[PDB]
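The data below hold one chain only, encoded as C-alpha cells and taken in the form deposited without the ligand.
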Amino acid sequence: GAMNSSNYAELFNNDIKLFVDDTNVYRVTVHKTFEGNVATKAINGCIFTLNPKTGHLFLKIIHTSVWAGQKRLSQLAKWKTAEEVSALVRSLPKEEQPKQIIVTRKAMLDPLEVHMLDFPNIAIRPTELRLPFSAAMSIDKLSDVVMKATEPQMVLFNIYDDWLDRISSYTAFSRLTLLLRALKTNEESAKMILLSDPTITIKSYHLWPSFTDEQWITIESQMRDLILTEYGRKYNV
C-alpha cells in the first residue's frame, strides 16, 4: 500500500522501484496584463523519476509546447506525467522494468494506474514520506538542461555521482534528501554551503562537489544547522 517510515528499508532492497515526482512538470509565472488582468506564462518543466537504490534519474524535460492550446493544464499535467512514465517503462528491457512505482503526490495515483493497466503486476503506491524532490530544479546542471531545452527530451543522470563507491544506498538517499530539503528551505544558503570552498570542485560528469568523507560530514552538519536555523526563524524559536 502506502510507503512510510515503517517500511523504509524496502527502498534499498533488490526489487527495482522508481519514485515519480510531478511537482515540476507544469511550471508558470503569473503576471499582470496590459489591461490589468492576470495571465500565466509557462516555462519548461520536468518529470523527476528516480531509482533510489542506484541513483539513476530519468529526467523527462517537458517543453512548453506541450501545453499549447490545451485546457485545464494542472489536470493535464498529471496525465502527461503518467503517459511519459508509462512510455519510459515500455522503453526499458523487461529485466529493467520496475516492480513498484511510488508517486510523491496522491493525485498521480489514478492517472498512473490507468496508463499502466497493461502492467497489472507493477504496483502503483503513494508514500507518507514528505520528499523534497521539488527542489530538483535547485541543482544547477538539472535546471540548466531543462531551461535550455527547445523540444521534449529525456536526459539521464546519476543523482548520487560516485557516492555508492563509498556509502550504501540508504546513506546516499539520506544525503540526497537532506541536501534537497536544505535547498528547498533556503536555497541561497544551501548553495553557499556547497560552493563555500573553491578548492572542492564539481566534476564535469557530476552534479555535486567532490567532497571527501570528512568534508561530507561537515557539509551534512551545516545542512542540518541550516534546516534548524530556518525552522527557528519560521516559528520564532
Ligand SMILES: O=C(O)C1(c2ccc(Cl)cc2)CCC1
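By rigid core we mean the largest C-alpha set that fits within 1.5 Å across both forms. All residue numbers refer to positions in the sequence shown, first residue = 1.
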After fitting on the rigid core, pick out whichever of 209-217 or 225-233 shows the bigger RMS C-alpha deviation in 9 other deposited structures of this protein. 225-233
Name the stretch, 191-199 or 24-32, whose C-alpha atoms sit farther from the shown form on average in 9 other deposited structures of this protein, taking the rigid core as the superposition reference. 24-32
Quick check: 208-216 versus 37-45, which has the larger average CA B-factor in the record? 208-216
Looking only at CA atoms, which has the higher mean B factor in the entry: 199-207 or 23-31? 199-207
Between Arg175, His56, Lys191, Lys60, which one tops the list for C-alpha B-factor in the PDB entry? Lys191
Name the third of the chain's ranked CA B-factors that contains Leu18, choosing lowest, middle or highest. lowest
Can you work out whether the C-alpha temperature factor of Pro93 puts it in the lowest, middle or highest third of the chain? middle
When the deposited Cα B-factors of this chain's modelled residues are ordered and cut into thirds, is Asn51 in the lowest, the middle or the highest one? lowest
Assigned third (lowest, middle, highest) for the C-alpha B factor of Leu131: middle
Quick check for you: using the entry's CA B-factors within this chain, is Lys78 in the lowest, middle or highest third? lowest
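As for the form solved in complex with the ligand, it is not shown, yet the points below apply to it.
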Determine the site state, open or blocked: transfer the ligand from its pose in the deposited bound form by superposing the nearby C-alphas, then count ligand atoms within 2.4 Å of any backbone or C-beta atom, with 3 or more meaning blocked. blocked
Within 4.5 Å, heavy atoms only, which of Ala123, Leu109, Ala149, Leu129 is in contact with the ligand in the deposited bound form? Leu129
Counting only non-hydrogen atoms and a 4.5 angstroms cut-off, does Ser134 reach the ligand in the deposited bound form? no
Answer for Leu11 alone: is it within 4.5 Å of the ligand in the deposited bound form, judged on heavy atom distances? yes
Can you tell me which bits of 4-22 touch the ligand in the deposited bound form, meaning any heavy atom within 4.5 Å? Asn4, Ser5, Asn7, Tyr8, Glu10, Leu11, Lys17, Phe19
